[PDB]
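Working notes, structure below.
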Ligand SMILES: *[C@@H]1O[C@H](CO)[C@@H](O[C@@H]2O[C@H](CO)[C@@H](O[C@@H]3O[C@H](CO)[C@@H](O)[C@H](O)[C@@H]3O)[C@H](O)[C@H]2NC(C)=O)[C@H](O)[C@H]1NC(C)=O
Ligand SMILES: *[C@@H]1O[C@H](CO)[C@@H](O[C@@H]2O[C@H](CO)[C@@H](O)[C@H](O)[C@H]2NC(C)=O)[C@H](O)[C@H]1NC(C)=O
Ligand SMILES: *[C@@H]1O[C@H](CO)[C@@H](O)[C@H](O)[C@H]1NC(C)=O
């Protein structure tokens, strides 16, 4: 079940193949036994090549099996294929009679031998092609006809003078650079699946049933495999050519009953179930762009398609790109609160998990706009910068460390609800989203209004707390760009009330924002805020 | 009349039963227990008072009681009963009875998979 | 660790226990035996040398050893166990164990008891 | 076979269940409960080496399979309280029947090195005791 790879693989004889399988990188899985095996009929699942030094007799000289532990993958090569090699197969780990496997289907076909009467043209659907047929000048004034064969009958439905087939509508144009020589061609844009096969082509006709053979093959693209897990993020890379660099471009998901279903467009559409956890970047000079989807759930598994078409949907005659995604779900990404609540005037605090092996990174805090396509304006970084309009009410803190940092956002209002993102600078990027809701109530800690200052004498400011906070520590701090640091002239007078602080001199040097806080040593808690003046 | 919880069965101590009556219009009621045909003395069991319910217009009342017996008596096959007296009943009494074999399931499939045939999936 | 052959058990003088290690890449090993939990001295058994086995891919090696113990203690129910030390193992030693019941038993007795299958599982 | 109620690894038992509802006669449906036991035929009673013979009696109580004790969070009025979810898991003392694939098991054996004896440590499941 947590094992994944290519479901279908194809090649022709004499060639090589290179299969890759995936497993969760836990320590038991890196050291256990890997196998490739042939699921035959009558029960058994006989091993062909293994990780513990075993190579079979039929695979002698042709194969090996290398294991990459930091990837979490292992690769299998089979050279010099055949037609006894067609069948179903399995990757795996451990013992074969359990089920830590994944099925793979291998199909291999016969090549052409001593039949070189062919002229091929390779194309992926959405591009241009030529089908060249011999232009004879001994039929100088004769039609350059090209039939189509359904069965054995060359059906008279395409002429070369302005008559085209009722199914090949609007897209057949041809060029004149011979006209005295053998040179004409037919150029087709937007190749379909139904535009395949050999066609009865010729240029000019002596009446004695003369023939010619020349085919095309158009191919469907092969999906890049992406391996993700629960509560993580993914990134696609649509990289179509500059021929469609100014068409509307889309991204959907193939479903069961022949129904692609839109996830984003560039004409402004979105699913209901992807609100707050998706992006779409502005493209570069050559026409490639990024798509991010974070917080991955169980039902995001399946084939995805990106393309370009003039109305923003999947229609035939448009160039595509593919991916196939797997969600591991035996993940080691820690769980987190998805929604955090607060009241008008209160604070919040978020736990933001990253990877322990990337602890020398740089941390960021977004706010998902959702207006154009999706955008992160950055609000605060780990290096000492904050936004302008969030002054006095935001800071990022490195404690507790070792898997997790925290961020404090107070002085709430009912328009502060939304979806928020956090992101590190390392190589592997989990992006974690939390929703801030606003419900009504009363703030726990209690401070006065906006406290002025006298010129030439002292100030004192109180700050209460209720009685469940009687075992938690109390502190004060002064806020600047790097965060806020605790002060030593607080007293914490009462046993269950009135943490205060005075300022020994009214000069302008500390005319800033102040907080009043609560913490259980490492983990932080609620706070409030007042701004000081000097008159 | 409710059966015991399955947590108490797998410990071999006393097990517990619950009687419950609800929906009666004056708040006067009597509750007695039986074992087979013998009425137990009324200092073996606890009975709460009679209180009224949240409702829709018409007002009604409810009452519970419990009785704790030994697990060997339950697993023998001895039955127990809860009797309720009230004045809106025509014969002034109702009974319910419980033992094992009361909420037994009606379909059981047992398949034994031998050696040489393991096919476990993850 | 292989059990004794069936023919040696009838004669009732001594039995023999075979310890085979197979498929390891450097050719240095260590074999020691235990009875109960107490290590036997070196002169009770016989260990051959490490040699290279026919090729199926990578080149690997093998070794054997035998120990002869009294046929009364095999039926009293003592246990004997074999230990192998090699460079590639995780904690440099591993062991396997055998006695009269495990290993050619002529008897498989198993009892499975599933207690309260209809039992409000939470 | 749709919703997993328990997947226990000390006893190696798995229990799923599923409601499959008929539309005609809405007073009666059927509720299915599937149990899978895998019996190890070669494990000892205590898991060390010389303990005792083969375990030959295997006992499963449904109230101890389905037991859930790691704490949870409940929101009562506007509060987050931590609750336990079971009466019976006082701390182990449980006898396990199988090994667990992600935990590793060691033993301690005395051997001699010419002079005195040491306290050599020995792996019992070698795939899982790799120090990294
Ligand atoms: C199942 O078998 C194991 C293996 O014998 C038992 O674990 C160990 O049992 C011994 C015997 O009492 C305990 O011995 C102690 O060893 C320490 C050294 O670590 C020594 O300093 C003490 O003086 C004492 O002799 C040991 O605590 C214990 N646990 C270990 C090694 O982790 C186990 O108790 C057996 N279980 C049952 C239910 O029989
Ligand atoms: C992770 O797997 C990839 C699979 O493509 C490895 O990439 C190539 O590996 C071969 C060795 O078999 C090298 O010769 C190539 O240079 C690798 N890179 C590319 C771009 O082809 C990669 O080596 C694996 N990771 C590690 C750390 O080895
Ligand atoms: C053996 O493995 C190497 C990589 O380790 C690979 O490049 C090579 O193709 C393999 N040999 C075969 C398939 O004959």
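For chain D, we keep the numbers from Swiss-Prot: what you see runs 26-116, 119-159, in order.
Determined by electron microscopy, 3.0 Å, according to the entry header.
The backbone N, Cα and C atoms fix where each Cβ goes, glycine too.
What Swiss-Prot records for D:35-D:123, D:94-D:114, D:131-D:156 is disulfide bond. For D:71, the entry in Swiss-Prot reads N-linked glycosylation site.
Proximity to chain C (CB-CB distance below 8 Å) holds for D:156 among the recorded positions D:35, D:71, D:94, D:114, D:156. Within its own chain, residue D:71 (N-linked glycosylation site) has D:77, D:122 as residues 6 or more apart in sequence whose C-beta sits under 8 angstroms from its own.
D:71 are the recorded positions among D:35, D:71, D:123, D:131 whose C-beta comes within less than 6 Å of an atom of ligand 1, given in sequence order. Taking Cα separation as the measure, residue D:94 (disulfide bond) is nearest to D:35 of the disulfide-bonded residues D:35, D:123, D:131, D:156. The sparsest Cβ neighbourhood within 10 Å, among the listed disulfide-bonded residues (D:94, D:156), is found at D:94. Counted over every protein chain shown, other Cβ atoms within 10 Å are most numerous around D:131 among the disulfide-bonded residues D:35, D:114, D:131. Counting every protein chain shown, 16 other Cβ atoms lie within 10 Å of the Cβ of residue D:123 (disulfide bond).
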